[PDB]
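Heads up, the thing below is written out as structure tokens.
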Amino acid sequence: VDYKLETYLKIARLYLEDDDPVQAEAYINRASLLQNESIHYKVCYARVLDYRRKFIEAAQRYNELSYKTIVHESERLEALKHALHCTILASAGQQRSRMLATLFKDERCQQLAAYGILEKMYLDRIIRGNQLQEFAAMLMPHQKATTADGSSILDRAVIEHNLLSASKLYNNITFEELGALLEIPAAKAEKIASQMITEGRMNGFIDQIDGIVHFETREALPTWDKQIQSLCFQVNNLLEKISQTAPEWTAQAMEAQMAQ
Amino acid sequence: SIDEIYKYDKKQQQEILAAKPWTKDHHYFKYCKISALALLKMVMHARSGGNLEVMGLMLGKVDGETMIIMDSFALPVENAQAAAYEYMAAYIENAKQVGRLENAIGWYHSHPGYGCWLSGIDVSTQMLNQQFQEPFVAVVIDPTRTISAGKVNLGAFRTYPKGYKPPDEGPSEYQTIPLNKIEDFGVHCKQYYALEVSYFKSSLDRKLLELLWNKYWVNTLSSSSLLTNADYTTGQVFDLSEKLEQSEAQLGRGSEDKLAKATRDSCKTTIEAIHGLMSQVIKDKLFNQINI
Amino acid sequence: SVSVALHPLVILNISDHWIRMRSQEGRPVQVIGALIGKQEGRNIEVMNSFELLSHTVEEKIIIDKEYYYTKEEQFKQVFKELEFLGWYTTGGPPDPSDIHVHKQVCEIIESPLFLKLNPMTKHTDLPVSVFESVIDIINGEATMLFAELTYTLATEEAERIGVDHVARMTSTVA
Ligand SMILES: CC(C)n1nc(C(F)F)cc1C(=O)Nc1ccc([C@H]2[C@@H](O)CCCc3cncn32)c(-c2ccccc2)c1
Ligand SMILES: [Zn+2]
């Protein structure tokens with residue numbers, strides 16, 4: 141009945157702990173046929195997907211298993227931790243953005259050590275060196291996927307995120323300051339910025355003689371219109387707050403008096 | 024009971040259709056009434072179309088000498110028959126089970142930047158439609174002149190039958206038609222007549238619009254229309270220069298008095314520009330001149 | 038937390054739907070529909086809205102999914118760039134029926150919005166209220182609640198002209 145399934149799960153978990161994932165995935169796929177005839187199966191599948199450099203699926207599985215009420219609170223928090231870790235270093239895309247939004251909307255995410263990086267990725271902020279250092283410290287070795295020549299995927303993705311987020315604070319920036327803010331050599335900063343602009347990820351242009359990369363222009367008349375709109379929004383909100391925090395009194399009496 | 028226009032009775036519509044009075048007279052329908060929602064739907068669809076032409080259908084009913092339009096929907100048109114009629118039938122079938130009981134009463138399409146009139150193809154299409162399915166009406170919208178003039182440019186026309194020659198009686202307000210569409214406007218101008226257009230809305234719509242104006246004035250106060258339409262004015266100036274060239278050629282020798302028409306077009310464009318400037322002058326006086 | 042922009046066309050659609058159903062059936066009746074629009078980054082913008090077909094069994098509302106997918110293909114034929122965003126209804130404060138219908142809707146899109154209009158109101162503010170669903174754990178049970186979002190009004194020139202023309206309804217400098 142379930143003895144064979146339990147033995148298969150035990151063998152798969154032992155092979156996974158032995159860093160032999162091929163046989164574990166094969167055994168999990170074989171046992172999935174008999175699984176439906178009847185909790186730990188989902189955990190094993192999520193672990194297998196995590197071990198195959200497929201991070202968005204593992205994150206989704208871990209999040210959907212974090213809501214199981216038949217599981218202890220600590221294990222639910224651990225599953226949330228795994229989902230967050232797989233989401234942060236998952237490949238960039240729309241599904242990753244939806245996953246980040248779902249995790250940000252979760253209150254239980256506020257008691258984890260990787261929540262700050264989740265907030266910085268979702269809200270388009272600059273991730274400094276120390277935060278990434280601690281994140282790499284808390285990562286398990288199979289997560290750190292690096293090419294043979296180097297160029298760690300996580301570090302490159304963090305550099306791209308930092309440069310995109312710095313595109314929203316600066317009107318223009320030199321190469322030296324961009325390399326000091328990304329903590330990379332200025333030549334590498336110029337190369338990364340040029341590559342990013344070429345593929346259409348960003349809007350901007352590079353003046354090499356001046357050594358300046360210029361982001362969006364923010365022209366004058368549309369800026370004037372936007373500032374006018376914001377000022378009128380302030381007026382409307384102030385009136386709403388005055389009227390809803392202190393009725394009768396000034397609000398309605400002066401409204402009527404102005405009408406009269 | 025302003026909402027009574029929204030109540031639909033099928034028996035009266037069947038009786039009117041079976042006792043068609045429009046088959047005897049020809050200048051029968053002279054009033055068009057459009058709901059606020061339908062008009063807004065057409066305007067948004069035409070604006071979303073861009074600089075191209077978009078066409079859709081128009082559901083509604085009839086009431087005496089009045090054509091009432093209640094809703095609309097957009098045909099795909101990426108097509109006359111085939112795809113367009115498949116979409117029409119499927120949409121009507123889908124919408125009949127959610128509360129939309131009315132059937133088609135017309136078709137609408139946009140004329141971006143060259144007025145509201147029926148070309149030769151539009152006249153032929155309207156003749157074909159009125160031959161088989163009656164009553165019918167053709168609504169033409171200019172989504173670009175609406176922004177420039179601050180006025181909704183819309184016109185509901187109905188086409189005279191072939192072989193009928195009405196005796197004059199055409200007011201024919203002046204329309205600034207571009208040079209390449211003047212000839213098309215001339216041959217087919219007496220084959221159709223325009224219906225006077227009015228608009229209506231319900232009570233909840235009125236209340237919602239009144240409550241919406243309390244926060245919608247911000248967008249009016251921060252419009253800056255001088256930048257939203259900068260290519261339209263350039264095209265208008267090009268057409269006006271060509272018309273001036275033709276009027277000069279007419280002057281060198283020796296429409297009627299083409300100089301007057303060119304002057305009218307120049308005046309319209311210039312007045313639109315000055316209106317756009319004075320709006321910004323008012324904004325500058327209000328907001329920037331409070332220098333503390 | 039997303040930032041939502043609203044178009045007056047959606048409010049007109051909802052009000053017209055309510056008026057039509059109330060006039061046809063003879064008594065005021067709650068309506069249920071859908072919203073479409075475009076999301077850029079974290080900013081949502083609700084453009085249009087189409088009615089939806091639903092049934093009532095026992096005391097619960099069941100959304101007809103086949104009709105929804107038919108209408109989804111129909112609107113995708115025309116508005117290619119527009120995407121499903123959430124649903125709308127008419128009423129007052131959120132109720133457990135809205136929770137049940139939102140649970141039903143969540144099977145279609147991961148994070149739908151919830152728009153509620155109040156057709157019978159006494160205050161001097163727009164009765165449109167926008168909510169998002171947030172999952173929570175209470176006494177070891179997984180429930181969901183509504184968190185309200187602050188919405189604005191989208192700026193479109195043709196939309197502004199049309200709404201102004203509708204609101205007023207009757215020289216050149218003058
Ligand atoms: C009601 C519609 C579907 N219809 N029914 C029947 C009839 F055969 F039954 C026939 C028809 C029908 O497609 N008419 C028509 C004719 C011409 C155009 C375009 C055509 O010239 C090329 C563009 C220039 C133009 C300026 N003004 C009309 N056009 C359109 C049309 C309008 C807007 C978007 C796409 C097409 C429709
Ligand atoms: Zn036409």
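Protein chains in written order, with full-length UniProt numbering: chain A, 141 to 178, 185 to 406; chain B, 24 to 101, 108 to 283, 296 to 333; chain C, 38 to 207, 215 to 218.
Think of the CB as a built atom: it goes at the ideal place given N, C-alpha and C, for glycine as much as any other residue.
Proximity test, residue i beta-carbon vs ligand 2 heavy atom, cut-off 7 Å
i, result
"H140 of chain B", "yes"
Contact set between residue i and chain C, taken where Cβ atoms lie within less than 7 Å
i, result
"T175 of chain B", "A195 and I198"
Neighbour-count burial assignment, residue i, 16 or more Cβ in a 10 Å radius
i, result
"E27 of chain B", "exposed"
"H139 of chain C", "buried"
"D371 of chain A", "buried"
"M81 of chain B", "buried"
"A278 of chain B", "exposed"
"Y193 of chain B", "exposed"
"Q380 of chain A", "exposed"
"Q155 of chain B", "buried"
"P44 of chain B", "exposed"
"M404 of chain A", "exposed"
"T175 of chain B", "buried"
Contacts of residue i in chain C (Cβ-Cβ under 8 Å)
i, result
"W136 of chain B", "Near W136 of chain B there are no residues of chain C at all, since even the closest Cβ is about 15 Å away, more than 8 Å."
"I57 of chain B", "The premise fails here: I57 of chain B is roughly 10 Å from chain C at the closest Cβ pair, so nothing lies under 8 Å."
"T233 of chain A", "The premise fails here: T233 of chain A is roughly 14 Å from chain C at the closest Cβ pair, so nothing lies under 8 Å."
"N123 of chain B", "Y104, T107, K108 and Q111"
"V216 of chain B", "In chain order: nothing, as chain C lies at least about 31 Å away."
"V181 of chain B", "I198, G199 and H202"
"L63 of chain B", "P45, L46, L49, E196, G199, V200 and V203"
Contact set between residue i and chain A, taken where Cβ atoms lie within less than 9 Å
i, result
"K324 of chain B", "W370, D371 and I374"
"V171 of chain C", "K251, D252 and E253"
"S148 of chain C", "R244, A247, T248 and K251"
Cutoff 8 Å: residue i Cβ touching any chain E Cβ
i, result
"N108 of chain B", "In the displayed structure, chain E is absent; the protein chains listed are A, B and C."
Proximal chain C residues relative to residue i, where beta-carbon distance stays under 9 Å
i, result
"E322 of chain A", "Those within 9 Å of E322 of chain A in chain C number zero; the least Cβ separation is about 30 Å."
"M67 of chain B", "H44, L46, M84, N85, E193, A195, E196 and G199"
"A113 of chain B", "Per Cβ cutoff of 9 Å: no residues; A113 of chain B is ~11 Å from chain C at best."
Neighbour list for residue i in chain B, Cβ cutoff strictly below 8 Å
i, result
"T161 of chain C", "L240 and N243"
"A42 of chain C", "Going along chain B, no residue has its Cβ under 8 Å from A42 of chain C, so there is no contact; the nearest lies around 12 Å."
"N50 of chain C", "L60"
"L90 of chain C", "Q126 and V127"
Chain B contact residues for residue i, given Cβ-Cβ distances below 7 Å
i, result
"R57 of chain C", "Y29 and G128"
"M206 of chain C", "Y228"
Contacts of residue i in chain B (Cβ-Cβ under 9 Å)
i, result
"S166 of chain C", "Those do not exist, as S166 of chain C stays about 13 Å from chain B at its closest Cβ, beyond 9 Å."
"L367 of chain A", "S253, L255, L256 and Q321"
Interface partners of residue i on chain A, CB under 8 Å
i, result
"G128 of chain C", "Going along chain A, no residue has its Cβ under 8 Å from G128 of chain C, so there is no contact; the nearest lies around 22 Å."
Within chain A, partners of residue i - CB distance below 7 Å
i, result
"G177 of chain C", "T215"
(request) Any chance you could list the residues with Cβ under 6 Å from a heavy atom of ligand 1, keeping chain order? (result) B:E76, B:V77, B:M78, B:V100, B:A109, B:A113, B:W136, B:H138, B:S148, B:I150, B:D151, B:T154, B:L157 and B:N158
(request) Identify each residue in the region 253 to 280 of chain B for which the Cβ-Cβ distance to at least one residue of chain A is less than 9 Å, and report them in chain order. (result) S253, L255 and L256
(request) Compile a chain-ordered list of the residues in the region 194 to 208 of chain A whose CB is closer than 9 Å to at least one CB of chain C. (result) none
(message) Closer than 9 Å between beta carbons: that is the criterion. Which residues of the region 223 to 250 of chain B meet it against chain A?
(response) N243, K244, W246, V247, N248 and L250
(message) So if I threshold CB-CB distances at 9 Å, which residues from the region 212 to 228 of chain A count as touching chain C?
(response) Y213, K214, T215, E219 and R222
(message) Using a Cβ-Cβ cutoff of 8 Å, what residues of the region 152 to 174 of chain B are near chain C? List them in chain order.
(response) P172
(request) Please list the residues of the region 376 to 389 of chain A that have a C-beta atom closer than 8 Å to any C-beta atom in chain B, keeping them in chain order. (result) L377, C378, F379 and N382
(request) Could you please tell me which residues of the region 84 to 99 of chain B, in chain order, have their CB closer than 7 Å to any CB of chain C? (result) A97 and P99
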